[PDB]
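Source file: protein_31.cif; contents: mmCIF, N, CA and C atoms.
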data_final
#
loop_
_atom_site.group_PDB
_atom_site.id
_atom_site.type_symbol
_atom_site.label_atom_id
_atom_site.label_comp_id
_atom_site.auth_asym_id
_atom_site.auth_seq_id
_atom_site.Cartn_x
_atom_site.Cartn_y
_atom_site.Cartn_z
ATOM 1 N N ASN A 1 0.828 -1.202 0.000
ATOM 2 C CA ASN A 1 0.000 0.000 0.000
ATOM 3 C C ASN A 1 0.867 1.258 0.000
ATOM 4 N N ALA A 2 2.096 1.175 0.525
ATOM 5 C CA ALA A 2 2.997 2.319 0.412
ATOM 6 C C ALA A 2 3.347 2.611 -1.044
ATOM 7 N N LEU A 3 3.732 1.580 -1.803
ATOM 8 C CA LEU A 3 4.032 1.807 -3.214
ATOM 9 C C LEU A 3 2.806 2.241 -4.009
ATOM 10 N N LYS A 4 1.613 1.734 -3.681
ATOM 11 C CA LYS A 4 0.449 2.192 -4.442
ATOM 12 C C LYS A 4 0.121 3.649 -4.119
ATOM 13 N N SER A 5 0.384 4.083 -2.880
ATOM 14 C CA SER A 5 0.194 5.494 -2.558
ATOM 15 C C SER A 5 1.193 6.373 -3.302
ATOM 16 N N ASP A 6 2.458 5.948 -3.366
ATOM 17 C CA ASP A 6 3.434 6.711 -4.141
ATOM 18 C C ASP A 6 3.072 6.711 -5.624
ATOM 19 N N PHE A 7 2.477 5.613 -6.094
ATOM 20 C CA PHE A 7 2.008 5.529 -7.471
ATOM 21 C C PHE A 7 0.942 6.577 -7.751
ATOM 22 N N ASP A 8 -0.059 6.677 -6.871
ATOM 23 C CA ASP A 8 -1.105 7.680 -7.062
ATOM 24 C C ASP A 8 -0.543 9.095 -6.953
ATOM 25 N N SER A 9 0.477 9.282 -6.108
ATOM 26 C CA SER A 9 1.095 10.598 -5.984
ATOM 27 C C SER A 9 1.767 11.020 -7.285
ATOM 28 N N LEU A 10 2.590 10.145 -7.862
ATOM 29 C CA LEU A 10 3.200 10.480 -9.144
ATOM 30 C C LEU A 10 2.141 10.619 -10.232
ATOM 31 N N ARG A 11 1.050 9.862 -10.110
ATOM 32 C CA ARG A 11 -0.021 9.919 -11.095
ATOM 33 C C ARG A 11 -0.687 11.288 -11.139
ATOM 34 N N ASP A 12 -1.064 11.843 -9.981
ATOM 35 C CA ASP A 12 -1.704 13.158 -10.048
ATOM 36 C C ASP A 12 -0.674 14.277 -10.204
ATOM 37 N N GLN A 13 0.605 14.005 -9.907
ATOM 38 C CA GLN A 13 1.630 14.960 -10.316
ATOM 39 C C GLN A 13 1.724 15.052 -11.834
ATOM 40 N N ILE A 14 1.443 13.954 -12.544
ATOM 41 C CA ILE A 14 1.340 14.051 -14.000
ATOM 42 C C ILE A 14 0.224 15.007 -14.392
ATOM 43 N N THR A 15 -0.916 14.934 -13.698
ATOM 44 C CA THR A 15 -2.031 15.808 -14.042
ATOM 45 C C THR A 15 -1.662 17.265 -13.816
ATOM 46 N N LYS A 16 -0.935 17.542 -12.733
ATOM 47 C CA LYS A 16 -0.513 18.915 -12.474
ATOM 48 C C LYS A 16 0.464 19.401 -13.541
ATOM 49 N N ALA A 17 1.477 18.584 -13.851
ATOM 50 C CA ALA A 17 2.491 18.996 -14.816
ATOM 51 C C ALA A 17 1.899 19.167 -16.209
ATOM 52 N N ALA A 18 0.872 18.383 -16.543
ATOM 53 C CA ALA A 18 0.240 18.528 -17.849
ATOM 54 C C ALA A 18 -0.673 19.746 -17.888
ATOM 55 N N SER A 19 -1.394 20.015 -16.795
ATOM 56 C CA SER A 19 -2.256 21.188 -16.748
ATOM 57 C C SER A 19 -1.473 22.495 -16.767
ATOM 58 N N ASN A 20 -0.254 22.513 -16.231
ATOM 59 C CA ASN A 20 0.509 23.755 -16.149
ATOM 60 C C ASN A 20 1.243 24.110 -17.437
ATOM 61 N N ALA A 21 1.221 23.240 -18.445
ATOM 62 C CA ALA A 21 1.973 23.458 -19.680
ATOM 63 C C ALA A 21 1.193 24.334 -20.660
ATOM 64 N N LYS A 22 1.284 25.645 -20.456
ATOM 65 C CA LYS A 22 0.657 26.613 -21.343
ATOM 66 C C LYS A 22 1.501 27.878 -21.405
ATOM 67 N N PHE A 23 1.449 28.552 -22.551
ATOM 68 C CA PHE A 23 2.239 29.751 -22.816
ATOM 69 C C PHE A 23 1.279 30.848 -23.259
ATOM 70 N N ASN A 24 1.177 31.903 -22.448
ATOM 71 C CA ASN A 24 0.264 33.021 -22.692
ATOM 72 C C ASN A 24 -1.172 32.533 -22.878
ATOM 73 N N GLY A 25 -1.531 31.495 -22.129
ATOM 74 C CA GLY A 25 -2.873 30.960 -22.158
ATOM 75 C C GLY A 25 -3.153 29.955 -23.251
ATOM 76 N N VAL A 26 -2.168 29.620 -24.080
ATOM 77 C CA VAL A 26 -2.354 28.660 -25.158
ATOM 78 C C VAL A 26 -1.382 27.509 -24.955
ATOM 79 N N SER A 27 -1.867 26.295 -25.204
ATOM 80 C CA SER A 27 -1.101 25.091 -24.935
ATOM 81 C C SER A 27 -1.242 24.119 -26.094
ATOM 82 N N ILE A 28 -0.128 23.487 -26.467
ATOM 83 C CA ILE A 28 -0.138 22.475 -27.514
ATOM 84 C C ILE A 28 -0.144 21.060 -26.947
ATOM 85 N N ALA A 29 0.123 20.900 -25.648
ATOM 86 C CA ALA A 29 0.150 19.581 -25.029
ATOM 87 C C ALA A 29 -0.962 19.327 -24.021
ATOM 88 N N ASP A 30 -1.693 20.352 -23.587
ATOM 89 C CA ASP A 30 -2.779 20.199 -22.630
ATOM 90 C C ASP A 30 -3.930 19.383 -23.213
ATOM 91 N N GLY A 31 -4.153 19.453 -24.524
ATOM 92 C CA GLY A 31 -5.269 18.776 -25.149
ATOM 93 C C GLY A 31 -6.533 19.597 -25.282
ATOM 94 N N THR A 32 -6.469 20.904 -25.036
ATOM 95 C CA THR A 32 -7.621 21.781 -25.198
ATOM 96 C C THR A 32 -7.988 22.029 -26.657
ATOM 97 N N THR A 33 -7.094 21.738 -27.599
ATOM 98 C CA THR A 33 -7.348 22.023 -29.004
ATOM 99 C C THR A 33 -6.702 20.949 -29.866
ATOM 100 N N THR A 34 -7.216 20.812 -31.087
ATOM 101 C CA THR A 34 -6.725 19.802 -32.015
ATOM 102 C C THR A 34 -5.464 20.220 -32.759
ATOM 103 N N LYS A 35 -5.318 21.499 -33.093
ATOM 104 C CA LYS A 35 -4.184 21.950 -33.888
ATOM 105 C C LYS A 35 -4.037 23.458 -33.748
ATOM 106 N N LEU A 36 -2.836 23.948 -34.047
ATOM 107 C CA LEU A 36 -2.518 25.370 -34.026
ATOM 108 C C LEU A 36 -1.985 25.813 -35.380
ATOM 109 N N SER A 37 -2.751 26.661 -36.063
ATOM 110 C CA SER A 37 -2.337 27.262 -37.323
ATOM 111 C C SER A 37 -1.270 28.304 -37.027
ATOM 112 N N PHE A 38 -0.393 28.544 -37.994
ATOM 113 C CA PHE A 38 0.656 29.545 -37.886
ATOM 114 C C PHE A 38 0.921 30.168 -39.250
ATOM 115 N N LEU A 39 1.366 31.421 -39.226
ATOM 116 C CA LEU A 39 1.658 32.130 -40.463
ATOM 117 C C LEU A 39 2.819 31.473 -41.198
ATOM 118 N N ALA A 40 2.710 31.410 -42.523
ATOM 119 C CA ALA A 40 3.759 30.851 -43.363
ATOM 120 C C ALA A 40 4.183 31.782 -44.486
ATOM 121 N N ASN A 41 3.345 32.751 -44.837
ATOM 122 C CA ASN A 41 3.651 33.690 -45.905
ATOM 123 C C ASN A 41 2.804 34.936 -45.679
ATOM 124 N N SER A 42 3.142 36.000 -46.413
ATOM 125 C CA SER A 42 2.458 37.276 -46.253
ATOM 126 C C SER A 42 0.979 37.200 -46.611
ATOM 127 N N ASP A 43 0.580 36.226 -47.426
ATOM 128 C CA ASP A 43 -0.811 36.067 -47.834
ATOM 129 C C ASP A 43 -1.666 35.342 -46.800
ATOM 130 N N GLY A 44 -1.081 34.883 -45.697
ATOM 131 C CA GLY A 44 -1.835 34.204 -44.663
ATOM 132 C C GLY A 44 -1.823 32.694 -44.710
ATOM 133 N N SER A 45 -0.912 32.088 -45.468
ATOM 134 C CA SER A 45 -0.850 30.634 -45.539
ATOM 135 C C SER A 45 -0.585 30.040 -44.160
ATOM 136 N N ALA A 46 -1.318 28.982 -43.833
ATOM 137 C CA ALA A 46 -1.205 28.327 -42.540
ATOM 138 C C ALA A 46 0.054 27.474 -42.462
ATOM 139 N N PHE A 47 0.559 27.312 -41.242
ATOM 140 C CA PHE A 47 1.608 26.346 -40.922
ATOM 141 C C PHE A 47 1.042 25.438 -39.836
ATOM 142 N N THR A 48 0.292 24.422 -40.253
ATOM 143 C CA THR A 48 -0.379 23.543 -39.306
ATOM 144 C C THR A 48 0.628 22.754 -38.477
ATOM 145 N N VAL A 49 0.334 22.620 -37.185
ATOM 146 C CA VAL A 49 1.138 21.841 -36.248
ATOM 147 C C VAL A 49 0.165 21.071 -35.366
ATOM 148 N N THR A 50 0.072 19.759 -35.581
ATOM 149 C CA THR A 50 -0.896 18.948 -34.853
ATOM 150 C C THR A 50 -0.583 18.930 -33.362
ATOM 151 N N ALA A 51 -1.619 19.105 -32.548
ATOM 152 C CA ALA A 51 -1.462 19.033 -31.104
ATOM 153 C C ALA A 51 -1.204 17.597 -30.662
ATOM 154 N N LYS A 52 -0.359 17.452 -29.645
ATOM 155 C CA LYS A 52 -0.003 16.149 -29.085
ATOM 156 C C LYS A 52 -0.333 16.191 -27.597
ATOM 157 N N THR A 53 -1.309 15.389 -27.182
ATOM 158 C CA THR A 53 -1.832 15.475 -25.826
ATOM 159 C C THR A 53 -0.931 14.729 -24.847
ATOM 160 N N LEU A 54 -0.519 15.416 -23.780
ATOM 161 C CA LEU A 54 0.320 14.825 -22.744
ATOM 162 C C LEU A 54 -0.400 14.610 -21.420
ATOM 163 N N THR B 1 -11.690 57.296 -50.608
ATOM 164 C CA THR B 1 -12.412 56.977 -49.387
ATOM 165 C C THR B 1 -12.567 55.465 -49.253
ATOM 166 N N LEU B 2 -13.020 55.027 -48.073
ATOM 167 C CA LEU B 2 -13.139 53.592 -47.832
ATOM 168 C C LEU B 2 -14.103 52.948 -48.819
ATOM 169 N N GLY B 3 -15.117 53.694 -49.259
ATOM 170 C CA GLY B 3 -16.031 53.156 -50.250
ATOM 171 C C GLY B 3 -15.415 53.106 -51.634
ATOM 172 N N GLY B 4 -14.395 53.932 -51.874
ATOM 173 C CA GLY B 4 -13.659 53.845 -53.120
ATOM 174 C C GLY B 4 -12.615 52.750 -53.137
ATOM 175 N N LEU B 5 -12.294 52.183 -51.976
ATOM 176 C CA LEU B 5 -11.341 51.087 -51.872
ATOM 177 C C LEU B 5 -12.007 49.744 -51.601
ATOM 178 N N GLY B 6 -13.335 49.674 -51.657
ATOM 179 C CA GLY B 6 -14.035 48.434 -51.397
ATOM 180 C C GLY B 6 -14.295 48.148 -49.937
ATOM 181 N N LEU B 7 -13.884 49.042 -49.045
ATOM 182 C CA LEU B 7 -14.067 48.910 -47.607
ATOM 183 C C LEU B 7 -15.304 49.684 -47.160
ATOM 184 N N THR B 8 -15.668 49.503 -45.893
ATOM 185 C CA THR B 8 -16.779 50.212 -45.276
ATOM 186 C C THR B 8 -16.332 50.779 -43.935
ATOM 187 N N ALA B 9 -17.091 51.759 -43.443
ATOM 188 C CA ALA B 9 -16.789 52.351 -42.145
ATOM 189 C C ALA B 9 -16.906 51.347 -41.006
ATOM 190 N N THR B 10 -17.793 50.360 -41.128
ATOM 191 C CA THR B 10 -17.958 49.319 -40.122
ATOM 192 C C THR B 10 -17.106 48.088 -40.401
ATOM 193 N N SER B 11 -16.306 48.104 -41.467
ATOM 194 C CA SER B 11 -15.499 46.941 -41.816
ATOM 195 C C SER B 11 -14.509 46.624 -40.702
ATOM 196 N N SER B 12 -14.432 45.353 -40.336
ATOM 197 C CA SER B 12 -13.599 44.884 -39.231
ATOM 198 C C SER B 12 -13.642 43.360 -39.234
ATOM 199 N N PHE B 13 -13.172 42.758 -38.145
ATOM 200 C CA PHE B 13 -13.121 41.310 -38.012
ATOM 201 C C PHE B 13 -13.273 40.922 -36.548
ATOM 202 N N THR B 14 -13.959 39.803 -36.307
ATOM 203 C CA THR B 14 -14.198 39.307 -34.958
ATOM 204 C C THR B 14 -13.687 37.891 -34.732
ATOM 205 N N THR B 15 -13.393 37.148 -35.795
ATOM 206 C CA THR B 15 -12.878 35.791 -35.696
ATOM 207 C C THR B 15 -11.644 35.702 -36.585
ATOM 208 N N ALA B 16 -10.747 34.769 -36.255
ATOM 209 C CA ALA B 16 -9.481 34.680 -36.974
ATOM 210 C C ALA B 16 -9.686 34.394 -38.457
ATOM 211 N N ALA B 17 -10.730 33.641 -38.811
ATOM 212 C CA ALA B 17 -11.039 33.447 -40.224
ATOM 213 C C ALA B 17 -11.484 34.752 -40.874
ATOM 214 N N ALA B 18 -12.166 35.614 -40.116
ATOM 215 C CA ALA B 18 -12.524 36.920 -40.651
ATOM 216 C C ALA B 18 -11.283 37.764 -40.905
ATOM 217 N N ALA B 19 -10.268 37.646 -40.043
ATOM 218 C CA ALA B 19 -9.001 38.318 -40.311
ATOM 219 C C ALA B 19 -8.306 37.719 -41.528
ATOM 220 N N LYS B 20 -8.435 36.405 -41.717
ATOM 221 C CA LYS B 20 -7.810 35.759 -42.866
ATOM 222 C C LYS B 20 -8.455 36.216 -44.170
ATOM 223 N N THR B 21 -9.758 36.501 -44.136
ATOM 224 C CA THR B 21 -10.422 37.082 -45.303
ATOM 225 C C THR B 21 -10.070 38.560 -45.459
ATOM 226 N N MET B 22 -9.922 39.262 -44.335
ATOM 227 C CA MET B 22 -9.561 40.671 -44.379
ATOM 228 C C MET B 22 -8.170 40.865 -44.960
ATOM 229 N N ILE B 23 -7.307 39.854 -44.859
ATOM 230 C CA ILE B 23 -5.986 39.951 -45.481
ATOM 231 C C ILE B 23 -6.123 40.200 -46.979
ATOM 232 N N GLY B 24 -6.923 39.375 -47.656
ATOM 233 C CA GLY B 24 -7.099 39.555 -49.087
ATOM 234 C C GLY B 24 -7.932 40.775 -49.420
ATOM 235 N N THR B 25 -8.847 41.149 -48.521
ATOM 236 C CA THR B 25 -9.610 42.373 -48.749
ATOM 237 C C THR B 25 -8.698 43.601 -48.736
ATOM 238 N N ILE B 26 -7.795 43.679 -47.756
ATOM 239 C CA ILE B 26 -6.825 44.767 -47.710
ATOM 240 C C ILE B 26 -5.850 44.672 -48.876
ATOM 241 N N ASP B 27 -5.553 43.457 -49.344
ATOM 242 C CA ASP B 27 -4.723 43.319 -50.535
ATOM 243 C C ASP B 27 -5.372 44.006 -51.729
ATOM 244 N N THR B 28 -6.651 43.707 -51.969
ATOM 245 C CA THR B 28 -7.362 44.320 -53.087
ATOM 246 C C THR B 28 -7.462 45.832 -52.917
ATOM 247 N N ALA B 29 -7.687 46.294 -51.683
ATOM 248 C CA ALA B 29 -7.813 47.729 -51.457
ATOM 249 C C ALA B 29 -6.500 48.451 -51.734
ATOM 250 N N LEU B 30 -5.386 47.896 -51.254
ATOM 251 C CA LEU B 30 -4.090 48.517 -51.493
ATOM 252 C C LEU B 30 -3.740 48.510 -52.974
ATOM 253 N N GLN B 31 -4.113 47.441 -53.684
ATOM 254 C CA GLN B 31 -3.803 47.382 -55.106
ATOM 255 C C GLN B 31 -4.570 48.445 -55.881
ATOM 256 N N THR B 32 -5.884 48.548 -55.644
ATOM 257 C CA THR B 32 -6.646 49.558 -56.371
ATOM 258 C C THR B 32 -6.218 50.972 -55.987
ATOM 259 N N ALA B 33 -5.811 51.191 -54.731
ATOM 260 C CA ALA B 33 -5.334 52.515 -54.345
ATOM 261 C C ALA B 33 -4.052 52.873 -55.088
ATOM 262 N N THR B 34 -3.133 51.909 -55.216
ATOM 263 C CA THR B 34 -1.909 52.182 -55.959
ATOM 264 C C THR B 34 -2.190 52.450 -57.431
ATOM 265 N N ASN B 35 -3.160 51.744 -58.020
ATOM 266 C CA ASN B 35 -3.480 52.009 -59.420
ATOM 267 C C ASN B 35 -4.045 53.415 -59.607
ATOM 268 N N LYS B 36 -4.946 53.841 -58.716
ATOM 269 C CA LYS B 36 -5.496 55.188 -58.854
ATOM 270 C C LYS B 36 -4.422 56.253 -58.659
ATOM 271 N N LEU B 37 -3.480 56.020 -57.739
ATOM 272 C CA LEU B 37 -2.419 57.006 -57.543
ATOM 273 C C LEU B 37 -1.510 57.094 -58.765
ATOM 274 N N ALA B 38 -1.215 55.954 -59.394
ATOM 275 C CA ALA B 38 -0.395 55.993 -60.602
ATOM 276 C C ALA B 38 -1.109 56.731 -61.728
ATOM 277 N N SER B 39 -2.426 56.541 -61.844
ATOM 278 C CA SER B 39 -3.166 57.255 -62.880
ATOM 279 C C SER B 39 -3.160 58.758 -62.626
ATOM 280 N N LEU B 40 -3.290 59.164 -61.359
ATOM 281 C CA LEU B 40 -3.255 60.591 -61.047
ATOM 282 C C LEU B 40 -1.890 61.194 -61.359
ATOM 283 N N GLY B 41 -0.818 60.439 -61.124
ATOM 284 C CA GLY B 41 0.502 60.960 -61.444
ATOM 285 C C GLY B 41 0.723 61.094 -62.940
ATOM 286 N N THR B 42 0.195 60.144 -63.718
ATOM 287 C CA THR B 42 0.293 60.273 -65.168
ATOM 288 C C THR B 42 -0.494 61.479 -65.667
ATOM 289 N N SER B 43 -1.662 61.737 -65.068
ATOM 290 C CA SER B 43 -2.431 62.914 -65.464
ATOM 291 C C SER B 43 -1.695 64.205 -65.118
ATOM 292 N N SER B 44 -0.974 64.221 -63.993
ATOM 293 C CA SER B 44 -0.204 65.415 -63.650
ATOM 294 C C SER B 44 0.937 65.645 -64.636
ATOM 295 N N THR B 45 1.618 64.570 -65.043
ATOM 296 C CA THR B 45 2.676 64.728 -66.040
ATOM 297 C C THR B 45 2.118 65.224 -67.369
ATOM 298 N N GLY B 46 0.919 64.770 -67.734
ATOM 299 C CA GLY B 46 0.308 65.270 -68.955
ATOM 300 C C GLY B 46 -0.048 66.742 -68.857
ATOM 301 N N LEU B 47 -0.504 67.182 -67.677
ATOM 302 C CA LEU B 47 -0.803 68.600 -67.495
ATOM 303 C C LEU B 47 0.455 69.450 -67.606
ATOM 304 N N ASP B 48 1.582 68.953 -67.088
ATOM 305 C CA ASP B 48 2.821 69.728 -67.180
ATOM 306 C C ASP B 48 3.303 69.841 -68.624
ATOM 307 N N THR B 49 3.219 68.744 -69.383
ATOM 308 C CA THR B 49 3.634 68.815 -70.782
ATOM 309 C C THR B 49 2.730 69.750 -71.580
ATOM 310 N N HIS B 50 1.419 69.708 -71.320
ATOM 311 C CA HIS B 50 0.532 70.630 -72.022
ATOM 312 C C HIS B 50 0.783 72.075 -71.612
ATOM 313 N N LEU B 51 1.191 72.309 -70.362
ATOM 314 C CA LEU B 51 1.538 73.664 -69.949
ATOM 315 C C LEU B 51 2.724 74.190 -70.741
ATOM 316 N N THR B 52 3.757 73.360 -70.902
ATOM 317 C CA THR B 52 4.910 73.796 -71.687
ATOM 318 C C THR B 52 4.517 74.065 -73.139
ATOM 319 N N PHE B 53 3.634 73.228 -73.697
ATOM 320 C CA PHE B 53 3.227 73.439 -75.083
ATOM 321 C C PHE B 53 2.422 74.725 -75.239
ATOM 322 N N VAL B 54 1.547 75.027 -74.274
ATOM 323 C CA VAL B 54 0.774 76.264 -74.343
ATOM 324 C C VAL B 54 1.690 77.476 -74.229
ATOM 325 N N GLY B 55 2.754 77.370 -73.431
ATOM 326 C CA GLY B 55 3.682 78.486 -73.337
ATOM 327 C C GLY B 55 4.417 78.735 -74.640
#

Let me see the file written as structure tokens.
Amino acid sequence: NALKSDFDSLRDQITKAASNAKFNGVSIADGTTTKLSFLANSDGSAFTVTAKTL
Amino acid sequence: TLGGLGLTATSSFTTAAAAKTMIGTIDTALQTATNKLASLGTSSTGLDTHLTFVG
């Protein structure tokens, strides 16, 4: 039961570390969004970057 | 004026796709503005040449 308690501790520490991964309110690893478009040219071409959920 | 460039006084954007459309809208507006300015400059050069001829 000591190891299972340490297991649950590291488990919800994963939840904390994943929830805190955001930059200026936007996150690519939190899982709040499917993808983030980005500028690629002056005409507005997208630079798609698929989100990877952690 | 904004109506001469295809724009409106209320023209704006509220969603990122609206900004993506506004990119090309401002492209068209800047292009037509440059064409009208070039035409006005050619008309001014014609007025100067006609002034010299009248003299």

message = What's the separation between atom CA of residue B:20 and atom CA of residue A:45, in Å to one decimal place?
response = 9.0 Å

ask   = If you apply the PyMOL selection byres ((chain A) within 8 of (chain B)) to this file, what residues do you get, as a ChimeraX atom specification?
value = /A:42-44

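Proximity to residue A:37 at 8 Å, evaluated using only C-alpha atoms and with sequence-adjacent residues fewer than 5 positions away removed, yields residues 46, 47, 48 and 49 of chain A.
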
Would you put the residues from that selection into a file with N, CA and C atoms, as a PDB file, in the frame of the given file?
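Result went into result-v8.pdb, see below:
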ATOM      1  N   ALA A  46      -1.318  28.982 -43.833  1.00  0.00           N
ATOM      2  CA  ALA A  46      -1.205  28.327 -42.540  1.00  0.00           C
ATOM      3  C   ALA A  46       0.054  27.474 -42.462  1.00  0.00           C
ATOM      4  N   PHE A  47       0.559  27.312 -41.242  1.00  0.00           N
ATOM      5  CA  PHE A  47       1.608  26.346 -40.922  1.00  0.00           C
ATOM      6  C   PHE A  47       1.042  25.438 -39.836  1.00  0.00           C
ATOM      7  N   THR A  48       0.292  24.422 -40.253  1.00  0.00           N
ATOM      8  CA  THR A  48      -0.379  23.543 -39.306  1.00  0.00           C
ATOM      9  C   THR A  48       0.628  22.754 -38.477  1.00  0.00           C
ATOM     10  N   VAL A  49       0.334  22.620 -37.185  1.00  0.00           N
ATOM     11  CA  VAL A  49       1.138  21.841 -36.248  1.00  0.00           C
ATOM     12  C   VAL A  49       0.165  21.071 -35.366  1.00  0.00           C
TER      13      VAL A  49
END

Each side padded by 8 Å, which centre and which edge lengths in Å (one decimal) define the axis-aligned box around the listed atoms of stretch 18-25 of chain A? Give them as AutoDock Vina command-line options.
--center_x -0.5 --center_y 25.7 --center_z -19.7 --size_x 21.4 --size_y 30.6 --size_z 23.1

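The spacing separating atom CA of residue B:6 from atom CA of residue B:36 amounts to 13.2 Å.
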
request  = Select all residues near (1.9, 20.5, -25.6) (cut-off 6.5 Å, inclusive, file coordinates), counting all atoms listed in the file, and output them as JSON, numbers by chain.
outcome  = {"A": [21, 27, 28, 29, 30, 31, 52, 53, 54]}

Can you pull out every residue from stretch 1-54 of chain B that DSSP, working from the backbone, puts in helix (DSSP H, G or I), and format the result as a CSV table (one decimal) with N, CA and C atoms, in the coordinates of the input?
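Result written to part-v5.csv:
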chain,number,residue,atom,x,y,z
B,16,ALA,N,-10.7,34.8,-36.3
B,16,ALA,CA,-9.5,34.7,-37.0
B,16,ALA,C,-9.7,34.4,-38.5
B,17,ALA,N,-10.7,33.6,-38.8
B,17,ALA,CA,-11.0,33.4,-40.2
B,17,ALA,C,-11.5,34.8,-40.9
B,18,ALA,N,-12.2,35.6,-40.1
B,18,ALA,CA,-12.5,36.9,-40.7
B,18,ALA,C,-11.3,37.8,-40.9
B,19,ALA,N,-10.3,37.6,-40.0
B,19,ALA,CA,-9.0,38.3,-40.3
B,19,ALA,C,-8.3,37.7,-41.5
B,20,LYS,N,-8.4,36.4,-41.7
B,20,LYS,CA,-7.8,35.8,-42.9
B,20,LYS,C,-8.5,36.2,-44.2
B,21,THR,N,-9.8,36.5,-44.1
B,21,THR,CA,-10.4,37.1,-45.3
B,21,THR,C,-10.1,38.6,-45.5
B,22,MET,N,-9.9,39.3,-44.3
B,22,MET,CA,-9.6,40.7,-44.4
B,22,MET,C,-8.2,40.9,-45.0
B,23,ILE,N,-7.3,39.9,-44.9
B,23,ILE,CA,-6.0,40.0,-45.5
B,23,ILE,C,-6.1,40.2,-47.0
B,24,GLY,N,-6.9,39.4,-47.7
B,24,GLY,CA,-7.1,39.6,-49.1
B,24,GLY,C,-7.9,40.8,-49.4
B,25,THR,N,-8.8,41.1,-48.5
B,25,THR,CA,-9.6,42.4,-48.7
B,25,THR,C,-8.7,43.6,-48.7
B,26,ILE,N,-7.8,43.7,-47.8
B,26,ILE,CA,-6.8,44.8,-47.7
B,26,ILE,C,-5.8,44.7,-48.9
B,27,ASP,N,-5.6,43.5,-49.3
B,27,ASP,CA,-4.7,43.3,-50.5
B,27,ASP,C,-5.4,44.0,-51.7
B,28,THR,N,-6.7,43.7,-52.0
B,28,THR,CA,-7.4,44.3,-53.1
B,28,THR,C,-7.5,45.8,-52.9
B,29,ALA,N,-7.7,46.3,-51.7
B,29,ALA,CA,-7.8,47.7,-51.5
B,29,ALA,C,-6.5,48.5,-51.7
B,30,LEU,N,-5.4,47.9,-51.3
B,30,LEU,CA,-4.1,48.5,-51.5
B,30,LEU,C,-3.7,48.5,-53.0
B,31,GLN,N,-4.1,47.4,-53.7
B,31,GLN,CA,-3.8,47.4,-55.1
B,31,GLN,C,-4.6,48.4,-55.9
B,32,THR,N,-5.9,48.5,-55.6
B,32,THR,CA,-6.6,49.6,-56.4
B,32,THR,C,-6.2,51.0,-56.0
B,33,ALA,N,-5.8,51.2,-54.7
B,33,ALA,CA,-5.3,52.5,-54.3
B,33,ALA,C,-4.1,52.9,-55.1
B,34,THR,N,-3.1,51.9,-55.2
B,34,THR,CA,-1.9,52.2,-56.0
B,34,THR,C,-2.2,52.4,-57.4
B,35,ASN,N,-3.2,51.7,-58.0
B,35,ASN,CA,-3.5,52.0,-59.4
B,35,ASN,C,-4.0,53.4,-59.6
B,36,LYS,N,-4.9,53.8,-58.7
B,36,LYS,CA,-5.5,55.2,-58.9
B,36,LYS,C,-4.4,56.3,-58.7
B,37,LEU,N,-3.5,56.0,-57.7
B,37,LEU,CA,-2.4,57.0,-57.5
B,37,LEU,C,-1.5,57.1,-58.8
B,38,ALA,N,-1.2,56.0,-59.4
B,38,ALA,CA,-0.4,56.0,-60.6
B,38,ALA,C,-1.1,56.7,-61.7
B,39,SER,N,-2.4,56.5,-61.8
B,39,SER,CA,-3.2,57.3,-62.9
B,39,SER,C,-3.2,58.8,-62.6
B,40,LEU,N,-3.3,59.2,-61.4
B,40,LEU,CA,-3.3,60.6,-61.0
B,40,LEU,C,-1.9,61.2,-61.4
B,41,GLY,N,-0.8,60.4,-61.1
B,41,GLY,CA,0.5,61.0,-61.4
B,41,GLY,C,0.7,61.1,-62.9
B,42,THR,N,0.2,60.1,-63.7
B,42,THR,CA,0.3,60.3,-65.2
B,42,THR,C,-0.5,61.5,-65.7
B,43,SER,N,-1.7,61.7,-65.1
B,43,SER,CA,-2.4,62.9,-65.5
B,43,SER,C,-1.7,64.2,-65.1
B,44,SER,N,-1.0,64.2,-64.0
B,44,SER,CA,-0.2,65.4,-63.6
B,44,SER,C,0.9,65.6,-64.6
B,45,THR,N,1.6,64.6,-65.0
B,45,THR,CA,2.7,64.7,-66.0
B,45,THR,C,2.1,65.2,-67.4
B,46,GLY,N,0.9,64.8,-67.7
B,46,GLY,CA,0.3,65.3,-69.0
B,46,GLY,C,0.0,66.7,-68.9
B,47,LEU,N,-0.5,67.2,-67.7
B,47,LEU,CA,-0.8,68.6,-67.5
B,47,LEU,C,0.5,69.4,-67.6
B,48,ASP,N,1.6,69.0,-67.1
B,48,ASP,CA,2.8,69.7,-67.2
B,48,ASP,C,3.3,69.8,-68.6
B,49,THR,N,3.2,68.7,-69.4
B,49,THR,CA,3.6,68.8,-70.8
B,49,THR,C,2.7,69.8,-71.6
B,50,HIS,N,1.4,69.7,-71.3
B,50,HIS,CA,0.5,70.6,-72.0
B,50,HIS,C,0.8,72.1,-71.6
B,51,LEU,N,1.2,72.3,-70.4
B,51,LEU,CA,1.5,73.7,-69.9
B,51,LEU,C,2.7,74.2,-70.7
B,52,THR,N,3.8,73.4,-70.9
B,52,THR,CA,4.9,73.8,-71.7
B,52,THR,C,4.5,74.1,-73.1
B,53,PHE,N,3.6,73.2,-73.7
B,53,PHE,CA,3.2,73.4,-75.1
B,53,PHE,C,2.4,74.7,-75.2
B,54,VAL,N,1.5,75.0,-74.3
B,54,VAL,CA,0.8,76.3,-74.3
B,54,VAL,C,1.7,77.5,-74.2

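Relative to atom N of residue B:37, atom CA of residue B:2 is found at 14.0 Å.
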
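Distances here use only C-alpha atoms; by that measure, the residue among B:45, B:40, B:1, B:7 closest to residue B:25 is B:7.
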